[PDB]
Amino acid sequence: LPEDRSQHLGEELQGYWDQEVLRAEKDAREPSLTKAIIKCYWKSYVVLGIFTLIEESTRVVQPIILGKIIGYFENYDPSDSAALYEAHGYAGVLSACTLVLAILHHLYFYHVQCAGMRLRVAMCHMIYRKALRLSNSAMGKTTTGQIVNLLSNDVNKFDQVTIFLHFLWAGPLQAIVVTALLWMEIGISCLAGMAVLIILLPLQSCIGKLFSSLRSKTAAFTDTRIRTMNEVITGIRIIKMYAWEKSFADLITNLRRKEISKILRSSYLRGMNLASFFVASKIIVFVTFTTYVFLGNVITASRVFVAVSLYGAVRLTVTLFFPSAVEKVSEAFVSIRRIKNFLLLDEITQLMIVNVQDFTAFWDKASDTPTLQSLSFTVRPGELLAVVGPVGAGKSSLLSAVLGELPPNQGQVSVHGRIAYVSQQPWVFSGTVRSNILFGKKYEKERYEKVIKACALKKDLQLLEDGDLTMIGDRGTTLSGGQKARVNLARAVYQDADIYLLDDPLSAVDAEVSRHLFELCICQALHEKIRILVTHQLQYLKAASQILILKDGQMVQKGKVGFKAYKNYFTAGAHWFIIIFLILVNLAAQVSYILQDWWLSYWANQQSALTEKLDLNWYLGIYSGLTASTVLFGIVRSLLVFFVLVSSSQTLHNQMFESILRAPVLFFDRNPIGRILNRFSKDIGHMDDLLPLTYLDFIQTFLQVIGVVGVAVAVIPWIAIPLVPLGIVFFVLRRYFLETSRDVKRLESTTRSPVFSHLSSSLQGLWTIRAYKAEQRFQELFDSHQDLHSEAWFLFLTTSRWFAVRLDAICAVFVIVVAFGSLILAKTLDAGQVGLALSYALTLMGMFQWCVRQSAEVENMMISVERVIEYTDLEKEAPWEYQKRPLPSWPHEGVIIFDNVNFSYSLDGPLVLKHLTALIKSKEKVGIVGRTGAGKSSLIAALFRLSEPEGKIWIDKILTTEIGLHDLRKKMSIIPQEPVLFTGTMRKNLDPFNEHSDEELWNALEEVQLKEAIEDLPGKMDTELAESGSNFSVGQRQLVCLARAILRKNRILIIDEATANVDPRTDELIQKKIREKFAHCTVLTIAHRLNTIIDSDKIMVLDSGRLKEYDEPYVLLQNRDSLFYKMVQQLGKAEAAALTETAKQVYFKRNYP
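Residues numbered from 1 in each chain as written, not as in the entry; some residues may be left out. Heavy atoms only, no water. Residues with missing side-chain atoms left out of burial classes, pairs and counts.

For this coordinate set, the PDB header names cryo-EM as the determination method and states a resolution of 3.3 Å.

The protein chain is annotated in the PDB entry as Multidrug resistance-associated protein 4 from Bos taurus. Its official PDB title, as written in the record, is "Inward-facing narrow conformation of bovine multidrug resistance protein 4 (MRP4) in MSP lipid nanodisc". Comment text from UniProt for the protein chain, heading Subcellular location (unreviewed entry), reads "Membrane". (UniProt positions renumbered as here; feature names shortened; annotations may be inferred.)

So this is what it looks like as structure tokens:
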């Protein structure tokens, strides 16, 4: 509707906010955003408020009319037909109150949602209006996430507050008036009940604080686990080859052991909160009626069950809703104050030729130096200015100065004509790549195609699946970097400005593309235009009309889940006996809950059947027992669900983690790191932190719904006939709703993230989108994405309302059946029985909707459990240890034999080694040579049995097939292709099994000459390394990987580019260290820098299929028909000459030796 779409709805609130800034400027006070919101929406809040007034009035009137119905039975006489008519009157009024609440909820459930959405959508408008106009200072001291958190979090508070806000008055007023009504019904004993009620307020508030401390304290372990698990999952191939699986197992078990201790202790406090909500009514009624009878009053059914029904009214609003409102209105005011701050944040000022004179600027006046100083320049049509200089020269400060984003500190800047800007970091928005080029301009195909061909972009637009109609993600994720760079320039070239600002786009592309862009676009296409080009591509500079060189900031030069999933989730947590015990204690909790209320009905009947008086010792004694058993079972049941379900979450994580460790590497190839880690971060998260609560809350309420129906059918058995249709309706109604709702619920979620992602993209682009003065267009696109989500959300609202307005209709019917049916059968039953029937009947709505709501949340969250259960059942590597284990001296020589070996990364996959058959002699030096991925990397995966080979691999006449994987993998030393360090001690990275001497460690750390860094690091070998050891250089990480091999003594060493991350001199020196440290080893080297292997005793040359050469490299080089000679000949003449000279000399010496 036009009255609810974002532009109209937001523009009015902004009008009030500015007027609250015009006021408090015509006045010395500061502004209030709360005044602006209130002054805008008070007309809606009032009607939201009147519903609460009328609703809470009827909820209090229901108990009083219930008293009139029961009063029919307390003095029943079948001869008074008029009394029967009058009871039907109140039975009518009690029905009307019931359907009134249904309609009030049906209206209120609409207007609260619409009022909340309107306030949210108006706030979204003002926040995004600012984001297009933030100062570039503010965009420094604030971040993309911190602004998006406004939309993604702080604004979502407002439509929660609009629900609860009026309970901040309705709660207190109801507690007062219900206290007054209880006083008229009971007398002073009503205070003893309310004393408990106002104590559960602080007591539940305290448990919330104590829980929040444990919930805060446990998050440190969770992040430590998840970060450890992330490096475990990321590094898995290196973790596997080192056999360090037992090390990271013992880390994760200790992290998980400590974490679940906190999750259990926090969960028990949270079980105590829900136990309080369950027992609260029973304690409140117990202390009330105990004190009432001790004052000598006698229990009669009307007074009791009116009073019990009144506590049922005030309890829920005072204990649940009033604290929820005070909490969420606190969240409101922190959000309002945060949004007030952001809306007041610094803005961009309200700012053919370019002319700049005496120009100086500071990004921060607190800087020790200017960020630009004493610049001056001017440039005019047909001129190209090239801007040149080192890193930190100020080049990007100049262009952002000319664009006017960096204001001048001194001097002056002026421009005439349109300015184009292309940013070095390319930027793209959710839309067609064509839209990413047209940027809202009219589409003209010829200038467009000229742009495409001038940008040499036609191929990429022909390769995209839907062509240039391919939707690009809000960060360009479906383009390559070089496409989005060229797309980002193509935009500016279509916009055809008078002045171009180019911030080094020519570095985002190859020299050929760069010269194609520079020559064709910049020189030829922009030939008539002003250009200012910053670039590191100095190669063209003589083409520039003028050159400005900068340094240090100044100028230098100019020139649904199945039952089995539920069964496994419960059975995995505890023995079969405890789950039976869990069911019994759940039923025992609810049966005892009912039975004390039945006991008042029995006590009422007995008092009515009677001077003489009841023996209080019996009735009050049993009443104390039944109340106490509800407390005991209510507590025990709460703690035991949490124990069984958190214990299940402990067991299932451990089975899943052992499975993930034992998964074959192929599992981490076919599933990405994020999707695996999401099992541990989200799904185990729910299984720890939400699903146990939701199960307990569902179970607690569901048994209580069965309690209402059970009491009613136990007291009036003929109600079972009206209920079987009512059940049949409900089952069909739920089935129909869940079939249709799941789609609209998804649609309402999938349409929200475009709002945040459009903002998040719009923030990254702010420089360029404001450059074209595209603000107001990019505001309408937000209003389109916002008001399109509003449309999706409105369809969800009507769908949910259609269910709710009849889910509470079947509940309203149930009250009619009990209310009127009780009178139709009035001859059969006594007043206390009818009081028990109806006081339970009156509580059905509210909790019945909540029971069904919690059913949907359980059934949804169980998807997380099914998603972990699939990972308990992964395929496994062969056992770490077989029955046979090699003698500890093996390998004694390190002879490796390949025999007819084939390998494939999957048993369903193509072969990537075939018939590989070769002998490697002990102490022999072998180089592995061939095309990228042509067998080379598969050989390492085969030798370590990362995927099982076909054919036979022997080590010292042991078949590697017939021994445990840790026998094989431990007894071979590997220096990986990409080095990895793990977050922990330097010692844990050198010797996690703690089996090398500290003298040996230091000797290795000396032998790699890393000790200087370990002496520079404060903790020596015990120093805590950074994230992945980022404190060390990638070269130093290779030094650590060399040390590990030095420590791990083995006959067999495998090497893969192990030194390529090092400068050529230190690279070749640590190559010499390898020769010095492993001269005795059998060494297999995989490399591309043939200079690293030319001195091998043999080189294996692999086709992608087969071992084509395997011989002395000199003999291979003398075999000019070898691929080895062809390869060195392809490298070049001097390369082959150098290599062949080295080979000849070493071959002669090794033959002479």
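On we go.
Once that is clear, we can look at the overall build of the protein chain. Summing up its helical and strand segments, the protein chain has 39 helices and 21 strands in all. By principal-axis analysis of the C-alpha atoms, the protein chain measures approximately 130 × 85 × 55 Å. (Helix = DSSP H or I, 4+ residues; strand = E, 2+ residues; numbered from the N terminus.)

Here we take up the side chain of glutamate 55. Looking at the element boundaries, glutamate 55 is found in helix 2 (residues 33–73). Among the polar contacts made by the side chain of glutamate 55, one reaches the side chain of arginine 59 at a distance of 2.6 Å. (Polar contact = N/O pair within 3.5 Å; in protein donor to acceptor, adjacent residues only side chain to side chain.)

Now for the UniProt feature "transmembrane region" (unreviewed entry) in the protein chain. Those residues carrying the UniProt feature "transmembrane region" (unreviewed entry) are residues 161–180, 186–207, 274–295, 301–322, 574–595, 622–646, 715–737 and 803–825 in this numbering. Secondary structure content for residues 622–646 is 100% helix and 0% strand, and the end C-alpha separation is 35 Å. Overall, residues 803–825 shows 96% helix and 0% strand. The separation of its end C-alpha atoms is 32 Å.

Our focus in this paragraph is the domain arrangement of the protein chain. According to the domain assignment, the protein chain contains domain 1 (372–552) and domain 2 (919–948 + 955–1151). For domain 1 versus domain 2, the distance between C-alpha centres works out to 45 Å. (Domains from an automatic or database assignment.)

Further remarks concern a nonpolar patch on the surface. Judged by side-chain polarity, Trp576, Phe577, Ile580, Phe581, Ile583, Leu584, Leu587, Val591, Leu595, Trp598, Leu632 and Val636 come together as a nonpolar surface patch covering roughly 1,100 Å² of accessible area. Within the residue set of the nonpolar patch, elements represented by two or more residues are helix 19 (576–609) and helix 20 (616–662). Take the nonpolar patch: its biggest share by element is ten residues, from helix 19. As for its placement among the helices and strands, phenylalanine 577 is situated in helix 19. (Patch = residues over 30% accessible without salt bridge, like charges linked within 9 Å, V, L, I, M, F, W, Y side chains within 5 Å. Areas by Shrake-Rupley, 256 points an atom, 1.4 Å probe, with all protein chains shown as cover. Salt bridge = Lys/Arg side-chain N within 4 Å of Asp/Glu carboxyl O.)

Our focus in this paragraph is the pairing of strand 9 (residues 530–534). Successive side chains on a regular strand alternate, one facing one side of the sheet and the next facing the other. Counting buried residues in strand 9 gives five out of five residues, a clear majority hidden from the surface. By the alternation rule, side chains of strand 9 split into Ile530, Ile532 and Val534 and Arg531 and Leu533, which are all buried. As paired elements, strand 3 (residues 384–388) and strand 9 share four bridges and run parallel to each other. Bridging across to strand 9, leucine 385 finds its partner in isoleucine 532. For the crossover from strand 8 (residues 499–503) across helix 17 (residues 511–525) to strand 9, the handedness is right-handed. (Buried < 20%, exposed > 50% of the residue type's maximum accessible area, 1.4 Å probe, protein only. Pairing = 2+ DSSP bridges. Right-handed = clockwise from strand over helix to strand, strands pointing away.)

Packing of helix 7 (residues 167–186) against helix 11 (residues 301–344) leaves a shortest axis separation of 9 Å and a crossing angle of 160°. What the angle tells us is that helix 7 and helix 11 run roughly antiparallel. The element helix 7 and its partner helix 11 pack so that their crossing is left-handed. Here the residues of the contact of helix 7 with helix 11 sort into 20 nonpolar, four polar and two charged. (Axes fitted to C-alpha atoms, helices over the stretch in contact; angles between N-to-C directions. Parallel < 35°, antiparallel > 145°, perpendicular 65-115°, else oblique. Left-handed = near helix turned anticlockwise from the far one by under 90°. Nonpolar A, V, L, I, M, F, W, Y, C, P; charged D, E, K, R; others polar.)

Right, let's talk about the sheet that holds strand 16 (residues 958–959) for a bit. Strands sit in the order 13-12-15-16 across an open sheet of four strands; the sheet is antiparallel. The open sheet has two edge strands with one neighbour each: strand 13 (913–920) and strand 16. Relative to strand 15 (residues 950–955), strand 12 (residues 896–903) runs antiparallel, the two sharing five bridges. The residue bridging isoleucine 896 from the neighbouring strand is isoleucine 955, located in strand 15. The strands touched by helix 30 (residues 936–943) within the sheet are strand 12, strand 13 and strand 15, with strand 12 carrying the most contacts at an inclination of about 110°. (Contact = heavy atoms within 4.5 Å.)

Within the secondary structure, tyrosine 736 sits in helix 24 (residues 720–750). Counting along the chain gives 67 residues from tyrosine 736 to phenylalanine 803, while the straight-line C-alpha distance between them is 9.5 Å.

Attention now goes to the packing of aromatic side chains. Here the structure, examined in full by the defined rule, presents 44 aromatic pairs. An angle of 0° between the planes, with centres 4.7 Å apart, marks the rings of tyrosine 128 and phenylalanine 782 as stacked. Geometrically, the ring pair formed by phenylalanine 439 and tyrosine 772 is tilted, given 5.0 Å between the ring centres and 55° between the ring planes. Neither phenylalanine 439 nor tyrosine 772 differs from the other in exposure class; each is buried. Aromatic ring contacts, followed pair by pair, group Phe286, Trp598, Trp599, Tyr602, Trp603, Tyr619 and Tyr623 into a single cluster. The ring of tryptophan 880 has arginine 662 sitting right over it, with the charged end atom 4.5 Å from the ring centre. Across the ring face of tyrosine 871, the terminal group of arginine 679 is positioned such that the distance to the ring centre comes to 4.6 Å. (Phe/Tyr/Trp six-rings, centres within 6.5 Å; stacked < 30°, edge-to-face > 60°. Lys NZ or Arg CZ within 6 Å of the ring centre and 35° of its normal.)

A few words on the pairing of strand 14 (residues 925–929). Judged by how many residues are buried, strand 14 sits mostly within the fold: four of five residues are covered. Across four bridges, strand 14 lies against strand 19 (residues 1082–1086) in parallel orientation. The residue of strand 19 that forms the bridge with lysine 925 is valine 1083. Pairing of strand 14 with strand 20 (residues 1098–1102), which is carried by four bridges, proceeds in the parallel orientation. Along strand 20, the bridge assignment pairs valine 929 with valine 1101.

Among the secondary structure elements, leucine 639 is positioned in helix 20. Each residue touching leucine 639, except ones within four places of it in the same chain, is listed here: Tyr268 and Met272.

Helical geometry: 3.6 residues make up each α-helical turn, so side chains three or four residues apart lie on a common side. Taking 1.5 Å per residue, 41 residues should reach 60 Å; helix 2 reaches 58 Å between its end C-alpha atoms and fits that length. Most pronounced at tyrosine 41, the bend in helix 2 amounts to some 70°. (Expected span 1.5 Å × (residues − 1). Bend = angle between axes of the 7 residues up to and from the residue.)

Let's shift gears to the sheet that holds strand 20. Overall, mixed pairing links the six strands, which are arranged 17-18-19-14-20-21 in an open sheet. A single partner strand is all that each edge strand has here, and the edge strands are strand 17 (972–975) and strand 21 (1107–1111). Looking at each pair of strands side by side, their axes are set apart by 15° on average, direction ignored. Where strand 18 (residues 1052–1056) and strand 19 come together, five bridges link them in parallel fashion. Bridge pairing links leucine 1053 to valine 1083 in strand 19.

The next point concerns the packing of helix 18 (residues 563–571) against helix 23 (residues 691–715). Axis separation between helix 18 and helix 23 bottoms out at 14 Å; the angle between their running directions is 105°. Taken together, the axes of helix 18 and helix 23 are roughly perpendicular relative to one another. Along the contact surface, helix 18 presents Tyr566, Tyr569 and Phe570, while helix 23 presents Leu691, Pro692 and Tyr695. The residue inventory of the contact of helix 18 with helix 23, partitioned by class, reads six nonpolar, no polar and no charged.

This part is about unusual backbone geometry. Residue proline 891 follows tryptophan 890 across a cis peptide bond; omega there is -15°. Relative to the assigned elements, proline 891 resides in the loop between helix 29 (844–869) and strand 12. For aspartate 504, which is not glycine, the phi torsion reads 55° and is therefore positive. Mapping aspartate 504 onto the fold places it in the loop between strand 8 and helix 17. By relative accessible area, which is 1% here, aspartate 504 ends up buried.

Turning our eyes to something else, we now look at the side chain of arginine 120. Here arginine 120 is to be found in helix 3 (residues 81–131). Judged by its relative accessible area of 7%, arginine 120 is buried.

This paragraph deals with a positive patch on the surface. Residues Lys246, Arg662, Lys876 and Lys970 make up a contiguous surface patch of positive charge. Assignment of secondary structure puts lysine 876 in the loop between helix 29 and strand 12. Residue classification places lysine 876 among the partly exposed positions, given a relative accessible area of 45%. (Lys, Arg positive; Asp, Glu negative; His and termini not counted. Charge placed at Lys NZ, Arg CZ, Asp CG, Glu CD.)

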